[PDB]
Student: 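Attaching a single structure in structure tokens format; questions to follow.
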Amino acid sequence: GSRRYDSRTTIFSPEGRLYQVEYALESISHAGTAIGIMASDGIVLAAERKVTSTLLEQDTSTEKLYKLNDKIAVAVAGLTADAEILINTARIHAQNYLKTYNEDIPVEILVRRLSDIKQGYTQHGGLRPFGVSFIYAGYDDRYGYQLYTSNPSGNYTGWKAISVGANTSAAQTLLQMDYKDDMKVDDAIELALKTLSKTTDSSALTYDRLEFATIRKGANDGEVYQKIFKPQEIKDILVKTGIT
Amino acid sequence: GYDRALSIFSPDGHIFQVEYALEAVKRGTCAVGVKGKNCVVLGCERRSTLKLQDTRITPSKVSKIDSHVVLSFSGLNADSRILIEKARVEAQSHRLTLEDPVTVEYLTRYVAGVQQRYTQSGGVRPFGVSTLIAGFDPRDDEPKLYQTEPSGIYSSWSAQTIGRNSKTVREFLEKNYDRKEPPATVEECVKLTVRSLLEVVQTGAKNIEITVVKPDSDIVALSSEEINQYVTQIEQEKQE
Amino acid sequence: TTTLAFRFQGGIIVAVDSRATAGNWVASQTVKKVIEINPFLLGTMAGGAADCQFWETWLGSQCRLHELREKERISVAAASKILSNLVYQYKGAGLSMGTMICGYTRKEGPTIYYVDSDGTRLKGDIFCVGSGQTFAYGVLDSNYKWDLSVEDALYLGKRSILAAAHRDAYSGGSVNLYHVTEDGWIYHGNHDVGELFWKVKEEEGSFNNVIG
Amino acid sequence: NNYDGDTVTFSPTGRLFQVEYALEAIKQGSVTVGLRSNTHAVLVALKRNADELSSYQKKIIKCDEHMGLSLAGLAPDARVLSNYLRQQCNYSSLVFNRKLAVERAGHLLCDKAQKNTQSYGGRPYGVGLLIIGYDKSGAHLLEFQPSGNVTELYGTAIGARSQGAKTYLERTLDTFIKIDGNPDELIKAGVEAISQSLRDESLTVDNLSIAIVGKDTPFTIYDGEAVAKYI
Amino acid sequence: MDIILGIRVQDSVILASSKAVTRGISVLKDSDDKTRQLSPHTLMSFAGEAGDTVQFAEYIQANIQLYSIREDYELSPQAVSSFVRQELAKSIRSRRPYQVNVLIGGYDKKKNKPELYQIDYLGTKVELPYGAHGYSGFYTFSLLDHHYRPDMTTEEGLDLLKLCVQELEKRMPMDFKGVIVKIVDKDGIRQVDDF
Amino acid sequence: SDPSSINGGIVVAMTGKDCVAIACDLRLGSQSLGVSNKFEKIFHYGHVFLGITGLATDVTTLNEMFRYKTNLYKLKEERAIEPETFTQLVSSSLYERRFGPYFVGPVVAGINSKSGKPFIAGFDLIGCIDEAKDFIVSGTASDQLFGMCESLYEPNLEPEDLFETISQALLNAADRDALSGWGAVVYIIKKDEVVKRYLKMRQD
Amino acid sequence: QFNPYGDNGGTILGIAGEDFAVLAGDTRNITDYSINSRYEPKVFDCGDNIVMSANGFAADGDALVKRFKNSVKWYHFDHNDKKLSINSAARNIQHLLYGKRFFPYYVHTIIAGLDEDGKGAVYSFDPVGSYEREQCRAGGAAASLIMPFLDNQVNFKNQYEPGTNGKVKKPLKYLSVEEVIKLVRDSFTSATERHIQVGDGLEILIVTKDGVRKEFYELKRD
Amino acid sequence: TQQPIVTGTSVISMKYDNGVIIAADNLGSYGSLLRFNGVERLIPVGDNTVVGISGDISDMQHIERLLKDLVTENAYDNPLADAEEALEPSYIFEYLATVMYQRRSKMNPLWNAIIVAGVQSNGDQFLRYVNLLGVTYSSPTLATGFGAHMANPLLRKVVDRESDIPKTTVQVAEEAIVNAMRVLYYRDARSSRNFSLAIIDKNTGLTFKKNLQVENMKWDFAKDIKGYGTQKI
Amino acid sequence: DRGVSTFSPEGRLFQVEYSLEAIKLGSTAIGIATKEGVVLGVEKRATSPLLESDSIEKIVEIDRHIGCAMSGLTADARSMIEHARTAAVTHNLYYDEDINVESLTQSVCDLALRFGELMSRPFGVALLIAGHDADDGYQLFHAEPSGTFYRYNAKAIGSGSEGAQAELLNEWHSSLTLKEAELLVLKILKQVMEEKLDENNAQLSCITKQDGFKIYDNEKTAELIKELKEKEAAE
Ligand SMILES: [Mg+2]
Ligand SMILES: [Mg+2]
């Protein structure tokens with residue numbers, strides 16, 4: 001019958017690894033690099049679009065950076081279509097929490113929920129896992145500014161600075177070298193762009209190949225603002241930091 | 001629904017998916033449990049391949065199931081969250097219906113039952129997780145320490161370790177732990193637990209976590225400096 | 001119907017009448033209104049006879065499964081809650097119960113829970129349920145002390161049912177007595193109300209309103 | 001070979017190997033004999049033990065007051081099929097106040113076994129059955145195969161070495177069909193039939209199992225000292 | 001059950017609840033505690049139909065205790081009250097609704113403020129300086145409207161509460177067998193054992 | 001017994017020259033018993049304002065529901081929802097509960113951010129849209145409000161004149177209803193400024 | 001509106017002796033003021049030395065007896081032809097009745113036989129399954145006419161020994177099977193005189209260690 | 001739960017020495033309107049059974065289709081379908097009784113009263129009743145509706161108990177049945193003059209008589225009856 | 001791959017045959033039936049000295065009159081025990097009596113072949129079910145994952161089974177006392193165990209009509225071990 005054609009997506013190898021998870025991670029290593037850096041006064045998200053065209057409408061385009069709510073955003077590395085399925089689920093979870101408790105969802109609770117959904121596809125159902133790694137940038141009044149990552153296995157961890165996608169080994173070494181705890185957002189903006197500039201597979205880093213976002217308490221008094229940078233604004237910050 | 005039998009017998013009478021789940025446990029960071037006369041200590045290894053980590057928010061290795069019981073693990077981190085959530089729900093359900101918190105043995109028996117179920121249910125794979133469950137029964141001062149594994153078997157231990165290089169630290173515990181006289185104080189128990197991890201860990205810096213559980217819901221996690229003082233005193237006695 | 005149960009120094013006394021009626025017709029004078037759930041737990045029958053019988057012998061099965069699984073005697077708290085949670089599921093469907101779940105364990109001591117078909121579950125020292133409950137409460141409230149002897153407590157329960165049997169038309173027949181200890185319940189006989197009334201009247205001097 | 005992985009696959013010569021393998025389980029089973037006259041029907045079964053400390057596995061199952069069978073092969077499969085027969089006999093009595101005809105019982109067993117030979121996921125039954133009964137058309141004997149094939153016979157045998165008993169019954173056909181109104185002689189013929197299938201071992205008091213049904217005889221099973229009379 | 005009262009003063013919330021349980025003809029108990037601790041700094045009193053009251057309260061208690069263990073964090077009184085409101089708003093369009101009215105008294109440790117929420121069985125929530133359910137408010141609100149100040153001490157709150165209970169004992173037809181009084185503040189929950 | 005008059009309350013909305021106004025009382029009650037004088041019935045999602053009268057549990061539930069839905073709308077559409085679009089969403093959401101409805105009387109008010117056009121709308125408990133040019137009324141004193149608005153209203157009132165008109169419409173209507181009053185709020189809405197005013201009124 | 005219930009009249013009586021038990025019932029079946037049958041058996045031999053009657057609404061009565069007979073059959077199949085004891089049968093019938101707690105069998109059930117010590121046993125059930133072992137039990141239409149007579153003549157209630165004037169009760173001496181049958185016949189003859197639904201015939205099933213025996217007696221047909 | 005719309009009145013029957021007799025009129029009433037005048041309410045099953053039905057006619061037609069299907073089904077894989085394994089009266093009744101009780105237990109009854117009349121394999125007379133409630137009973141005489149009140153008293157004068165059955169010939173039994181049908185026509189407002197009668201005998205088999213009429217009626221005495229009391233003219 | 005319910009060319013179910021191999025790797029369990037009672041004994045086989053051996057539970061109560069011992073993948077036994085306990089208690093609820101030992105065994109064995117593509121595989125554990133009832137007296141059954149159960153006068157399962165069964169063949173007779181059976185189980189367990197037998201690595205139990213099912217204390221078993229040593233040194 002049908003058993004003949006079943007790939008068995010949820011089995012261990014003899015070494016105790018999950019085949020499909022490992023192969024999904026291999027897929028993600030070819031995606032455009034995304035970086036997150038956490039500072040005392042905010043968080044930076046920077047990400048590289050994959051080999052673009054001059055005829056691509058950039059100002060209406062979104063493939064890397066997504067808003068989950070007013071306090072939490074994500075950077076994507078992997079299959080964009082897979083990511084949008086999970087993103088919509090996360091947006092709904094955040095609203096469910098807000099309706100139930102009348103408070104914004106704490107960052108970790110949202111991260112744990114999405115990660116549990118990823119885990120399920122590795123243990124039951126016989127379906128392929130989601131080929132996506134997320135960087136979560138968010139703020140709540142318990143832990144303040146927070147950075148997380150999750151991968152197809154459904155495992156998640158917290159970070160001061162982190163990269164996903166292509167050239168993470170090189171990127172992480174550069175971040176580990178220049179990152180300091182008392183760093184500020186404007187310094188973190190520069191570090192993120194400098195790291196992408198060195199790790200990129202492209203010839204030069206220009207505005208049309210980047211997506212950028214900051215989460216600042218640089219919002220008038222005790223509140224948080226998300227800023228998804230416009231193409232012209234990415235062009236200006238590239239000149240300011242002296243990359244173009 | 002997806003019904004495929006993933007866990008099945010082989011000609012030699014082995015269930016390979018369950019045995020391969022144990023290989024995932026072997027890969028996980030080391031976890032150790034030691035019970036004294038009036039306490040239980042859970043020690044955990046943190047691999048230092050990951051720095052630039054935010055230790056405030058990163059998932060901790062020891063989890064409270066209730067105010068009087070804790071659970072640590074070795075193996076797949078994502079898998080362990082599912083067992084921890086189920087155990088927490090069952091702990092509250094037990095309080096709701098029996099009007100008494102779970103015994104450590106009952107909670108162990110439940111988690112072990114969940115693990116067994118995932119070895120002969122269609123369309124699912126076994127958990128790649130072994131657990132150490134420790135605590136004190138309500139209104140009881142006798143220390144409790146249990147172990148579970150992917151197959152679903154469980155048992156009580158005077159001291160036990162799981163995860164990578166657990167063969168080495170079990171060797172240490174088997175010659176250093178006396179049953180007639182267990183670590184009489186918290187100090188002695190923590191010292192023996194840190195000593196056992198130092199056989200395997202590397203640097204005694206942010207690589208060792210220690211959690212002490214005492215009777216009547218008295219649970220506390222030691223800080224870096226407190227553990228660092230044990231690390232210092234152990235090697236200064238060793239230089240002799 | 002009249003059923004009572006009270007806590008005291010020596011454990012629990014359970015006392016019930018024996019009469020069942022269908023309208024004015026006396027169907028039976030030999031009804032067993034104490035259900036022997038197991039050798040350590042007792043339940044009383046009021047409201048629906050079947051509902052009480054069926055679900056309290058069912059309760060005995062659940063208690064037996066609990067001690068097989070946990071290797072320990074079930075608490076009165078846990079036993080009473082299994083029954084109250086069950087009847088709460090059926091709320092609205094028309095179950096009729098009013099029962100006292102009685103037991104004596106190490107951790108709790110003597111314990112009585114009133115369990116009801118609306119879902120009510122109350123711990124208490126003295127409970128009295130049935131059409132003759134008010135009559136039995138009077139004798140209980142005015143004579144109850146914690147430091148009663150087993151002999152005097154047994155009589156107090158017997159006397160309180162007799163009071164109800166006399167005044168309440170739907171109570172009578174005979175009195176069944178039980179004494180619940182930590183090592184289990186002990187049956188203290190069936191006492192015909194007809195014979196008991198005259199015996200108590202003479203020996204006690206009570207019921208001067210009645211000619212004998 | 002490449003066509004025996006499941007019951008849903010024909011071989012190039014039109015064979016169903018999983019069904020044939022299920023048939024093989026019957027051949028490994030212990031011998032049991034069935035035979036009938038015009039007044040009675042008899043089952044004789046050689047029970048098999050695990051060792052000298054063990055009991056002898058029961059072979060005969062009662063289905064109704066007028067019907068029952070003997071088994072050879074997977075015993076749990078006989079329990080499933082006999083339970084189904086008990087239910088069908090029972091449905092007939094409760095709904096129609098009618099004792100279920102032995103022939104109709106055979107048709108129902110055929111159809112139940114067939115469904116397990118044409119669908120994915122399932123497996124064929126691994127047991128053979130000999131059904132005896134007395135209904136409105138007299139005594140009957142049926143042979144059930146897990147392929148679905150059910151056959152009405154004067155006598156037969158299934159299990160290991162059943163060929164010896166089957167040849168004996170084929171010789172004795174004209175004699176034992178005439179044994180009317182004499183239960184003891186019909187059983188004697190059945191005990192003599194099953195003896196043609198024995199090697200090294202003989203019929204003892206805890207080895208032998210006999211069942212009979214007839215005109216004024218409810219289906220009854222004889223074991224222990226009740227069969228010493230026939231040893 | 002019958003009377004449940006609440007008052008939020010300067011630094012604490014005080015809940016008062018009657019002790020009587022009546023099975024139609026007889027008073028079966030005169031020491032019943034109509035309250036459940038949801039978390040160390042949050043208390044819920046309740047009244048409504050028999051059985052459903054305790055079943056609902058314990059169900060809420062179990063859920064908040066589950067949240068506390070999962071997150072290692074105590075939810076704010078506002079968050080707990082919203083969770084409870086949603087459960088009752090869900091319940092009112094069920095096959096058989098929970099016939100339960102509650103008061104939630106909590107001390108918010110983040111804002112350092114006491115908070116009192118009144119929720120009825122329909123899922124109608126209001127935050128109040130003082131509240132009640134049933135007929136309790138009909139007798140007590142005119143006294144509370146007169147004497148209440150936002151800067152009252154806990155002792156002044158208890159005294160104003162005594163005046164409310166005295167008016168209830170005078171003009172109510174039912175004997176509710178007195179009240180159990182509990183205080184919720186920065187240090188947690190405690191019972192006033194002489195009232 | 002009648003769910004739409006257990007708690008009481010009123011909402012009124014009006015259009016003016018390049019502006020809209022929406023107003024409500026502050027009472028919540030249990031029939032005769034006054035329970036709260038701070039129960040506001042007007043909510044806003046971006047620049048779109050929604051007033052809701054009727055059963056108070058449903059008022060709270062629907063606010064939470066439309067906050068839920070307008071937040072997801074904004075994340076997907078990358079813009080704030082407009083009054084015309086939100087009106088259709090309210091109607092759709094109410095009709096999905098056709099045979100088990102929310103016992104409410106919603107009112108929408110706002111200015112379209114692109115055309116600048118003032119907009120108001122009303123609904124019955126099951127979604128029927130009333131899109132009036134002049135005014136919309138709702139609640140236990142809707143008859144009284146119809147009487148006030150029909151005489152007091154004139155088109156193209158300036159923002160500060162519209163405030164006086166809608167305030168007097170609410171106040172005098174509420175004072176002829178037992179289940180309305182205990183305070184009042186008025187929103188004056190222009191294209192990029194909104195002023196909120198609490199009114200002084202009798203407290204019986 | 002459709003009424004799923006009816007009343008077929010009838011009266012039944014079960015008495016337990018020292019080493020025997022009788023279960024008797026009239027053979028008349030009725031609706032309203034009409035006679036359906038003058039001989040419609042109401043007491044049944046259910047196997048394993050157990051006799052049963054389910055009096056009231058005859059459709060429910062026939063259904064219950066049919067299901068219990070079936071339960072005896074399957075008890076033999078499932079438990080190696082073990083004899084179903086009278087106490088085990090009683091508990092089983094409780095579950096059959098309570099299974100329809102919210103749409104009950106509209107019958108009053110009585111079973112009779114011998115217990116595991118060979119002593120006479122009678123069990124009595126309400127429509128929803130509450131049951132009791134009893135010495136003496138009448139059921140159905142004329143139960144109220146029969147029970148007080150049995151209290152007096154079987155249990156000797158209100159009877160005292162002459163000369164003592166109320167001080168010494170009449171001793172409860174054991175009754176023979178012949179003595180019990182006399183009381184059964186007189187009970188039904190008296191019930192026939194005063195209850196319109198009782199008459200036509202009386203069928204008695206007697207249970208001893210030897211098995212189940214039947215006796216039939218004519219009753220007045222008016 | 002429903003209400004009967006088009007209905008059939010009494011079915012009457014009795015046992016005699018060698019078999020059974022059953023009869024029913026040919027009317028289908030619509031309330032007080034005598035709407036349909038050619039309705040057959042006796043339905044034979046094989047050559048040994050006749051099922052007589054009263055009450056709702058739509059439900060009768062449903063039961064008729066069930067019995068037709070029962071004969072078809074019994075013949076399937078049955079070489080003795082016309083011999084030892086033919087449908088017995090007792091099989092047909094038990095099946096109907098099962099259906100009737102099941103339908104009342106779902107609160108959706110077949111609104112009928114049914115009498116199954118026939119002769120068994122061993123020659124024994126079969127006569128049993130079942131109705132919308134699932135109630136069953138047997139008697140030497142059986143009748144439904146009005147027949148129960150008026151026919152039974154007359155038929156019981158012929159066969160009063162079991163021992164009267166061997167003493168009752170087929171001529172005496174048929175005579176009694178025909179007279180009862182006349183009495184019902186005099187006194188039941190929902191009856192007709194036209195009826196069907198069936199005899200099932202162990203020797204002569206099934207005799208089915210259609211288009212019978214009530215005859216030998218007494219009406220002449222009506223001419224002398226005047227007024228309601230005092231009127232003479 | 002191939003079906004989980006597939007027959008081999010020899011007419012055996014692959015998965016059932018493979019589960020029997022897992023049972024051969026399990027620790028030894030022995031049962032002996034006498035007219036004075038049935039004895040059950042097991043090898044505990046702790047994997048490490050730090051493992052508290054009294055937490056090893058391979059002998060289990062099903063009801064007061066029925067006990068059970070296990071060998072193989074012991075985690076698989078938990079749902080079988082749960083079902084057995086439920087079946088025993090349920091029958092008492094329905095029939096106000098004890099359930100027959102055979103009937104209990106049959107109910108457990110009905111679970112066995114409920115696997116396919118129900119549970120995904122057969123059970124990897126064998127059970128010795130011992131008990132008493134009024135009809136058939138003291139009984140011992142061997143329940144397999146095939147669904148088959150045999151009654152035995154004496155039986156051994158697990159890794160040392162064929163050596164133990166040969167020993168039981170010689171030693172069992174119909175006049176054995178309970179004391180003689182206890183020593184016999186200890187003697188044969190000692191013979192087939194890897195480690196030296198003591199009260200901490202072996203466990204005894206019995207079922208009698210009077211006292212029901214009882215697991216023996218370590219102190220009680222220790223005395224029986226000392227009694228065994230002396231009587232073997234006596235010749
Ligand atoms: Mg006023
Ligand atoms: Mg009469």
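Both counts, for ligands and for their atoms, begin at 1 and track the order of listing. Lettering of chains follows the sequences in order, A, B, ..., and the numbering in each one begins at 1.
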Student: Apply salt bridge (charged side-chain N to carboxylate O under 4.0 Å, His left out) to residues G/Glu40 and H/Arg128 and explain how you reach the verdict.
Tutor: CA-CA 11 Å; G/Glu40 184 65 31; H/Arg128 205 164 167 86; 3.1 Å; yes
Student: Which donor-acceptor pairs under 3.5 Å do side chains of residues 145-157 of chain G form with protein atoms, sequence neighbours excluded?
Tutor:
unit_1, atom_1, unit_2, atom_2, d
G/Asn152, ND2, G/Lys157, O, 3.1

Student: Please lay out, stage by stage, how G/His108 and G/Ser124 fare under the test side chain to side chain contact (heavy atoms under 4.5 Å, CB included).
Tutor: CA-CA 8 Å; G/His108 171 23; G/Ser124 171; 3.2 Å; yes
Student: Check step by step if side-chain hydrogen bond (donor to acceptor under 3.5 Å, both in side chains) holds for F/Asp177 and F/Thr140.
Tutor: CA-CA 7 Å; F/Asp177 180 22; F/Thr140 49; 2.7 Å; yes
Student: What residues form a ring-ring contact (aromatic ring centres under 6.0 Å, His included) with G/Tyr5, not counting sequence neighbours?
Tutor: G/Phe103, G/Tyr106
Student: Contact between H/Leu127 and H/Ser13 at the side-chain level, heavy atoms closer than 4.5 Å - yes or no?
Tutor: yes
Student: Taking 2.8 Å as the limit, list every protein N, O or S atom around the Mg ion (ligand 2), by chain and residue number.
Tutor: G/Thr192 O, G/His195 O, G/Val198 O
Student: Working note: E/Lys125 + F/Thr60, criterion side-chain hydrogen bond (donor to acceptor under 3.5 Å, both in side chains); need CA distance, chi angles, decisive distance, verdict.
Tutor: CA-CA 8 Å; E/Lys125 191 182 95 173; F/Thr60 308; over 6 Å; no
Student: May I ask you to determine how many protein N/O/S atoms are under 2.8 Å from the Mg ion (ligand 1)?
Tutor: 1
Student: Please identify which of these residues, H/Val130, H/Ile12, H/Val11, H/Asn131, meets the side-chain contact (heavy atoms from CB on, under 4.5 Å) condition with H/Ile115.
Tutor: H/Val11
Student: Under a 4.0 Å N-O cut-off, is there an ion pair linking F/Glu40 with F/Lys196?
Tutor: yes
